[PDB]
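What follows is a single chain, given as structure tokens, in the form deposited in one PDB entry.
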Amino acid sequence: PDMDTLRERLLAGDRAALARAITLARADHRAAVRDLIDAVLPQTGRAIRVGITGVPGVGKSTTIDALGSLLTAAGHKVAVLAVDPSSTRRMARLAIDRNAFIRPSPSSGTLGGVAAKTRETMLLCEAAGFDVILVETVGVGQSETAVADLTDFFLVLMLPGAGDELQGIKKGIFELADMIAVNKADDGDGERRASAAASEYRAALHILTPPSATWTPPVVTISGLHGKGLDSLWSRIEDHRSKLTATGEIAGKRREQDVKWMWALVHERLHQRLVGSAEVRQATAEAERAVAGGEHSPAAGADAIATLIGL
């Protein structure tokens, strides 16, 4: 409590109020903050939402720290969030940045739950006046698609070498990308290496059909460590925002995303009621085991689960 004061404080720009709200996001504490979000929904959405991914070691934290510091220096308020699978189990300079709000990936039993708390945290930050939301993720199962469905622009960071030199990435990320940035383009030979690799990705991306006629994903080279190409990278993100806002496509994407998250939440309530209940959790596991083990057909397993939903 009390939720009327918290809201007025949040909308004013109060960091402790944002912190408090985020903390709430206990079942009755969860629910209180959801009514708050519905109430400030009209003051959300005035932010550029960017998803960022890439292989461990590519330079995500380094690049985020460098870009976020450029952005705060230019007068933005930057929220840096995360969707990390490891949360179900240091960007040093941005931390000291009072105009940045870093939040580690929230704890939750499922990746759906991690995704759900992050989307909540994002709307809270927007209501609090943050105008850039960066969402960091790693390529684990479904997290990349989840983050691409949470943001306006999905940035994929790549090591400076394609084809035979690729490792540790899921193929589909090239289709989620609104831009590929090849990192480690350090003065000298790094520039040549990264540029060679960018030219290959550029040639390859030509076979993938862009989802919008309004935007053809660029391939750029950057050095997050040495601060090369970062302003040009951001300029492309701003270009995308401008062009797709003009056609109504940012709004359009956001609406689709919202209805997707609505249905995903319904299925999430359902599942964790079946998995939480000391009454039916074992029966649910037994049905999944019978199906996965080929003892009973998928439909037979669904039949057993139906009875548990009865009760």
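The numbering used is simple: start at 1 and walk along the sequence shown. Definition used throughout: the rigid core is the maximal C-alpha set that superposes within 1.5 Å between two forms.
Unmodelled stretch separating residue 17 from residue 18: none (count of deposited-sequence residues without coordinates). Between the stretches 123-131 and 146-154, it is 123-131 that shows the larger average CA temperature factor. As the entry records it, the average C-alpha temperature factor is higher for 31-39, out of 281-289 and 31-39.
Out of 162, 138, 173, 78, the entry records its largest CA B-factor for 138. In this structure the maximum Cα B-factor among 67, 250, 270, 264 is found at 270. Compared with the other modelled residues of the chain, the Cα B-factor recorded for residue 177 ranks in the lowest third. In the PDB entry, a CA B factor belonging to the highest third of its chain's modelled residues is recorded for residue 97.
The entry lists a Cα temperature factor for residue 294 that places it in the middle third of the chain's modelled residues. The entry lists a Cα temperature factor for residue 103 that places it in the highest third of the chain's modelled residues. Per-chain ranking of the deposited C-alpha B factor places residue 88 in the highest third.
The following text describes the form deposited in another entry, which does not appear among the structures shown.
Shift analysis on the rigid core between the shown form and the other one singles out 142 from 212, 195, 72, 142 (C-alpha displacement of 2 Å or more). Core-superposed comparison between the shown form and the other one: the CA of residue 156 stays below a 2 Å shift. When two forms of a protein are overlaid on their rigid core, residues whose CA moves 2 Å or more are considered shifted, and residue 175 is not one of them between the shown form and the other one. When the rigid core is held fixed, the Cα atom of residue 108 travels 2 angstroms or more between the shown form and the other one. Here's the thing about residue 189 and residue 68: their CA atoms end up at least 3 Å closer in the other entry than they are in this form. Relative to this form, in the other entry the C-alpha atoms of residue 139 and residue 176 separate from one another by 3 angstroms or more.
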